[PDB]
Amino acid sequence: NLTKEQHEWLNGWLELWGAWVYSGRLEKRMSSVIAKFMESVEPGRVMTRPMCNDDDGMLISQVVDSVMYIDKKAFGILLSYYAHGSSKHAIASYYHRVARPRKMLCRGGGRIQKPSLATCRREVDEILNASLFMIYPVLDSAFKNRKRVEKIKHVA
Amino acid sequence: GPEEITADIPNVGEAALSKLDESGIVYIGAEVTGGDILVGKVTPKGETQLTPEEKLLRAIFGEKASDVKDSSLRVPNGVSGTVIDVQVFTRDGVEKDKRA
Amino acid sequence: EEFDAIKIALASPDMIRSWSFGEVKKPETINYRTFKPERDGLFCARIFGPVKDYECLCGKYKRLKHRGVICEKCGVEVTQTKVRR
Amino acid sequence: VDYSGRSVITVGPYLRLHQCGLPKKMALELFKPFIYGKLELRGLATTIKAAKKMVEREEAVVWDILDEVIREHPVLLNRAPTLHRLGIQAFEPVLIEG
Amino acid sequence: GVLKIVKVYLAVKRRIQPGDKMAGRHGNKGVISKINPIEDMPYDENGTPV
Amino acid sequence: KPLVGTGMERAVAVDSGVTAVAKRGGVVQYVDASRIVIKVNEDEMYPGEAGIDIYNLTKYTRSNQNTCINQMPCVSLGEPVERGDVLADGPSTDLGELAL
Amino acid sequence: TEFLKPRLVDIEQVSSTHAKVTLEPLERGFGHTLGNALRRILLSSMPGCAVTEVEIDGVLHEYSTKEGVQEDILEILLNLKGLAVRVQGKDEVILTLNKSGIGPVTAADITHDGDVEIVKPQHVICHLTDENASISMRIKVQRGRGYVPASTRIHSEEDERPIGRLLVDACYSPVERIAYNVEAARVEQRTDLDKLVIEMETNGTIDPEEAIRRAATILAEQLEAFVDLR
Amino acid sequence: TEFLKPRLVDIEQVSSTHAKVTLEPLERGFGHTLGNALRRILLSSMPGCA
Amino acid sequence: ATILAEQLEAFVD
Amino acid sequence: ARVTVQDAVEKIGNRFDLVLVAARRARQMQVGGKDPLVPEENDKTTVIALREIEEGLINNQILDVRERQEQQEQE
Amino acid sequence: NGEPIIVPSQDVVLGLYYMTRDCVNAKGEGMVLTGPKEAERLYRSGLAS
Ligand SMILES: [Zn+2]
């Protein structure tokens, strides 16, 4: 698969894109004006998440649109991992909650059952690894083939 | 902490800072549109005041960012047109910048 | 939510004490150092519900996992902030 | 009342009896969640934030989707003071530049 | 509580369009409904368009 | 200007306090888009002063109703103007007549 | 089918701009038709050359005031919008106007190229007043038709625009006024023929015979789609 | 400098001697010129027998 | 259209 | 049904009953995704349901017994 | 009251009054026409007012 610094660069850009997508959902908790004064005088120990400059956000959104539109399940796992901030174990347990009994042919004589947490964690990890491997080269090419807009110039 | 006017605006790109100078103020004559940043202003979200314990540990380690919340002056939507005058009044005691 | 009639009448002191959630005993509304509401004031969190969604005043209970509880430290019942009105 | 606009009125004599000329920008601001729904239905936007920014950037596919949405979707033209009941009428809008 | 104040002046240029109000001096106000081209305007015998 | 006026337009344009009328008559020495330097006549000059009036003109000052206020000069270089003549046309004036 | 064909007979220029041009002969009921169609085409879609960008030195925006000139820079841009020029060879030229000293800055002081001919050498642009005053603009002349304003141009400009390019609106069409006349043509065997007298009045740049031939070319090109496809 | 050539999109034959010859799109201010020219020619110049 | 083209036929390019 | 709903009004007998019947038909076309019996000709579901009433396929009792038929065929 | 409020107002009314009014000897008085289409053809050709 990929190496580690490539994975670090891709995970940083995708975490920024996930926090940019998560800053646009409809349902959010409401805080009154007294809560805003308390947060402005003595804020929390942990601050918020960093966002994109909205052009990198739109470009990464178009890249994942071009790649992960044929697979709804992997794209939903990717959104719930990078935007909502949930860990892989939480996504695997939520997949174990709504799991349907599928015909397996690997262990035993092909019994029917509900799949456990271990195979759920394995398929979530495999989907995330394959999704990042499919996103990386076209995202590298899209960041390469983008014109760097410079500062304004003075003609006299 | 005080709100600094500078071009070190986090989580924004060249499409908004192509008209600002190194001081955070739009050039006279730069035709702006709706949504473009005029004056680059950022409010501190952490802290600025320190103790002498934090002074010696600052000489050890360094600083942080502490400039998360951005409240820069942007053009209201629909308004356009070239900047014709920028007048920067300050207070007696605060050190000015290059644009001032 | 599906009511047939809107009945109006006079209010007994027992009914007014049944509406209320705590006796307001101080004129001062909020503080000035940090802007948290006072105790038994005109804006008090223990009487009129919490300020933020699913949070107390001191910061002990801070999630929807503790759905509805009373904080033993500051009295602020952990609910949604819709119950301030 | 939300989803509401206001502008000066002029004369269109090329119209029919059940039509009125809404501007492009004002109707884009009016029909914005409908444009969000058609953008996410046609697969041109994955998320609501991507749909929000595609409308806010005013692309040509957004104008085509707005031309499809506003077709046969009547809006009420109110004028105050509404003395009698004919001061509110519903017209099938036709997008004009202005 | 104010350190410095910056004031930026934008000079918009507002051409007329359909919708802009106009009036004479004798109370005959109105609203521009259309900008009609120079080839469509009525011309007199000399050729100057209205 | 209006082709059909009244003759009241000159009185309104002079006494509105918006143009730059000449205090003392003489010969104009330097016409600019920003200032007018006029040399006074000899008989209207006291021996105490030098006898040079510098009429600065406010160019593109914002008004209350967000319109512009600029003063374009109408007099040419080297032209004898007396006392009470409109030297700089205001926002809506044409050679000392009100032009709305 | 007893039709007759018209020809350009007389082209008399009363002035350098005003130029009356006749058309003879035309059948009964064709003079008004052809006259109105040619008048509408010549007023709408005549290609010409006009000033599009102006870069005065030391000037950022149009609402500034340069030291030395008498006219405001907006008045200079209006006087340069009113400039009439005729580019012969190219479609996009760049002129230069350098002038110092006391005196008016006429249009004849523009340092023209080998294929750019100014038609009005008395078009006063500026009024220099100071002895140490100077002005060095870099006028840009494009080629097109119609009226392209600065708002349409900054909407169609996806590339960056630098600070200094005072964007002048573009009035490309060189025909300002035109009126035809349907008189009685003098033909020795037919008394039911009407001549057409088109009394054009151009900007001094276009040729009147070239204008009529280009207008008829546009009309025939538009009627090709009516002849061919049903 | 090239114009916009129209494309005939509809001939809605209502009857055996009726037509609605829709012809779009033309340049701004050319539909009136072409329509008035064709109307005057057809009303007072088309040959036939009677 | 043929009649108008034939009338305009003279002064074309 | 695009310009005037007059013949649908004469078919129904009541403006408000026409609004209610066409609303249930348009809800069945928007939520359930049912098959419109008329060619849609790229119209919206409001005009399609109004055109179905204009022809005369949709009535209150007819749509109710059709919904009852689908319900009893579900069970 | 049961009267139409979608009514021509002042400009359509001036145009229709000028249409259906009649002069005395204007232009081409006393012909016979094959119908409404030939009347419209006569006016737009200019042989009758
Ligand atoms: Zn607590």
# chains A, B, ... in the order shown; residues from 1 in each chain; ligands from 1
$ residues_around --residues "region 52-69 of chain J" --least-positions-apart "2" --cutoff "7 Å" --atoms "only C-alpha atoms" --output "list in words"
residues 1, 7, 8, 21, 38, 48, 49, 50, 71, 72 and 73 of chain J
$ residues_around --residues "region 35-38 of chain C" --least-positions-apart "4" --cutoff "7 Å" --atoms "only C-alpha atoms" --output "ChimeraX atom specification"
/A:34,37-38 /C:29-31,43-45
$ write_last_selection --atoms "C-alpha atoms" --output "compact mmCIF listing (two decimals), in the first residue's frame"
# COMPACT_ATOMS: atom_id res chain seq x y z
CA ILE A 34 -25.00 34.25 27.99
CA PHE A 37 -20.24 35.69 26.95
CA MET A 38 -18.98 32.85 29.17
CA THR C 29 -29.05 39.23 37.32
CA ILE C 30 -25.55 38.05 36.33
CA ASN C 31 -21.96 38.70 37.39
CA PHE C 43 -31.47 34.73 35.30
CA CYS C 44 -30.47 31.79 37.51
CA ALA C 45 -29.56 28.46 35.92
$ closest_residue --among "C:27, C:49, C:59, C:68" --to "ligand 1" --atoms "only C-alpha atoms and all ligand atoms"
C:59
$ select_by_dssp --residues "chain D" --states "alpha helix (DSSP H)" --output "ChimeraX atom specification"
/D:24-30,32-41,48-56,60-69
$ residues_near_ligand --ligand "ligand 1" --cutoff "12 Å" --atoms "only C-alpha atoms and all ligand atoms" --output "list in words"
residues 36, 45, 46, 49, 50, 51, 52, 54, 55, 56, 57, 58, 59, 60, 61, 62, 63, 66, 69, 70, 71, 72, 73, 74, 75, 76, 77, 78 and 79 of chain C
$ write_last_selection --atoms "N, CA, C and O atoms" --output "tab-separated table (two decimals), in the first residue's frame"
chain	number	residue	atom	x	y	z
C	36	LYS	N	-21.44	34.29	34.28
C	36	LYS	CA	-22.36	33.20	34.59
C	36	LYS	C	-23.50	33.73	35.44
C	36	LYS	O	-23.31	34.66	36.23
C	45	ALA	N	-29.55	29.71	36.68
C	45	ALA	CA	-29.56	28.46	35.92
C	45	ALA	C	-30.29	27.34	36.65
C	45	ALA	O	-30.92	26.49	36.01
C	46	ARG	N	-30.20	27.30	37.99
C	46	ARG	CA	-30.89	26.26	38.75
C	46	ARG	C	-32.41	26.41	38.69
C	46	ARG	O	-33.13	25.40	38.77
C	49	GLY	N	-33.23	26.60	34.18
C	49	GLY	CA	-32.62	25.65	33.27
C	49	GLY	C	-31.23	26.05	32.83
C	49	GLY	O	-30.76	27.16	33.11
C	50	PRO	N	-30.55	25.16	32.11
C	50	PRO	CA	-29.15	25.40	31.77
C	50	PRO	C	-28.99	26.37	30.61
C	50	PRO	O	-29.90	26.58	29.80
C	51	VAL	N	-27.80	26.96	30.53
C	51	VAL	CA	-27.54	27.98	29.51
C	51	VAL	C	-27.17	27.34	28.18
C	51	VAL	O	-27.65	27.77	27.12
C	52	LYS	N	-26.33	26.31	28.19
C	52	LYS	CA	-25.94	25.60	26.98
C	52	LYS	C	-26.68	24.27	26.88
C	52	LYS	O	-27.26	23.78	27.85
C	54	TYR	N	-27.16	20.68	27.11
C	54	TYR	CA	-26.67	19.51	27.84
C	54	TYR	C	-25.36	19.80	28.56
C	54	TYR	O	-24.34	19.13	28.36
C	55	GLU	N	-25.39	20.81	29.42
C	55	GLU	CA	-24.21	21.22	30.16
C	55	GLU	C	-24.63	21.89	31.46
C	55	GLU	O	-25.65	22.57	31.52
C	56	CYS	N	-23.83	21.67	32.49
C	56	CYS	CA	-24.01	22.36	33.76
C	56	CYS	C	-23.24	23.68	33.74
C	56	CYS	O	-22.75	24.12	32.70
C	57	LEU	N	-23.12	24.32	34.90
C	57	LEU	CA	-22.39	25.59	34.97
C	57	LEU	C	-20.90	25.38	35.24
C	57	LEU	O	-20.07	26.08	34.65
C	58	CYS	N	-20.56	24.44	36.12
C	58	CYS	CA	-19.16	24.21	36.45
C	58	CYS	C	-18.42	23.41	35.38
C	58	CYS	O	-17.19	23.48	35.33
C	59	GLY	N	-19.14	22.68	34.54
C	59	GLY	CA	-18.51	21.91	33.49
C	59	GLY	C	-18.33	20.43	33.78
C	59	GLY	O	-17.55	19.78	33.08
C	60	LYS	N	-19.02	19.90	34.79
C	60	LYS	CA	-18.87	18.49	35.14
C	60	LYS	C	-19.56	17.59	34.13
C	60	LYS	O	-18.93	16.75	33.48
C	61	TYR	N	-20.88	17.75	33.98
C	61	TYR	CA	-21.64	16.97	33.01
C	61	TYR	C	-21.73	17.75	31.71
C	61	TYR	O	-22.24	18.88	31.68
C	62	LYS	N	-21.22	17.16	30.62
C	62	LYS	CA	-21.04	17.93	29.39
C	62	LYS	C	-21.45	17.17	28.13
C	62	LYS	O	-20.97	17.51	27.04
C	63	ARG	N	-22.32	16.17	28.23
C	63	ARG	CA	-22.70	15.40	27.05
C	63	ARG	C	-24.14	14.94	27.17
C	63	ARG	O	-24.79	15.10	28.21
C	66	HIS	N	-25.19	11.74	29.79
C	66	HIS	CA	-25.96	12.12	30.97
C	66	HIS	C	-27.14	12.93	30.43
C	66	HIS	O	-27.04	14.14	30.22
C	69	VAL	N	-30.01	14.85	34.50
C	69	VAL	CA	-29.58	14.70	35.88
C	69	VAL	C	-29.53	16.10	36.50
C	69	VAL	O	-29.54	17.11	35.80
C	70	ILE	N	-29.48	16.14	37.82
C	70	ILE	CA	-29.20	17.37	38.56
C	70	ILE	C	-27.75	17.35	39.03
C	70	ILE	O	-27.26	16.34	39.55
C	71	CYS	N	-27.04	18.44	38.77
C	71	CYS	CA	-25.65	18.53	39.20
C	71	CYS	C	-25.59	18.76	40.71
C	71	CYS	O	-26.23	19.68	41.23
C	72	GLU	N	-24.83	17.92	41.41
C	72	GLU	CA	-24.72	18.04	42.85
C	72	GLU	C	-23.82	19.19	43.28
C	72	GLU	O	-23.82	19.55	44.47
C	73	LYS	N	-23.05	19.78	42.36
C	73	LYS	CA	-22.13	20.86	42.70
C	73	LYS	C	-22.78	22.23	42.59
C	73	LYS	O	-22.60	23.08	43.48
C	74	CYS	N	-23.55	22.48	41.53
C	74	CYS	CA	-24.12	23.80	41.29
C	74	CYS	C	-25.62	23.79	41.03
C	74	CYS	O	-26.18	24.86	40.73
C	75	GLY	N	-26.29	22.64	41.11
C	75	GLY	CA	-27.74	22.58	41.01
C	75	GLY	C	-28.32	22.69	39.61
C	75	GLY	O	-29.54	22.56	39.46
C	76	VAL	N	-27.49	22.91	38.59
C	76	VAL	CA	-27.99	23.12	37.24
C	76	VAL	C	-28.40	21.79	36.64
C	76	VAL	O	-27.58	20.88	36.48
C	77	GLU	N	-29.69	21.66	36.30
C	77	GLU	CA	-30.18	20.43	35.70
C	77	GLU	C	-29.72	20.35	34.25
C	77	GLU	O	-29.92	21.28	33.46
C	78	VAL	N	-29.08	19.23	33.90
C	78	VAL	CA	-28.55	19.02	32.56
C	78	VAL	C	-29.71	18.68	31.63
C	78	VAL	O	-30.17	17.54	31.59
C	79	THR	N	-30.19	19.67	30.89
C	79	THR	CA	-31.20	19.48	29.84
C	79	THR	C	-30.80	20.34	28.65
C	79	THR	O	-29.69	20.89	28.60
$ atom_distance --atom1 "CA of residue 49 (chain K)" --atom2 "CA of residue 35 (chain G)"
23.0 Å
$ atom_distance --atom1 "CA of residue 5 (chain A)" --atom2 "CA of residue 82 (chain A)"
18.4 Å
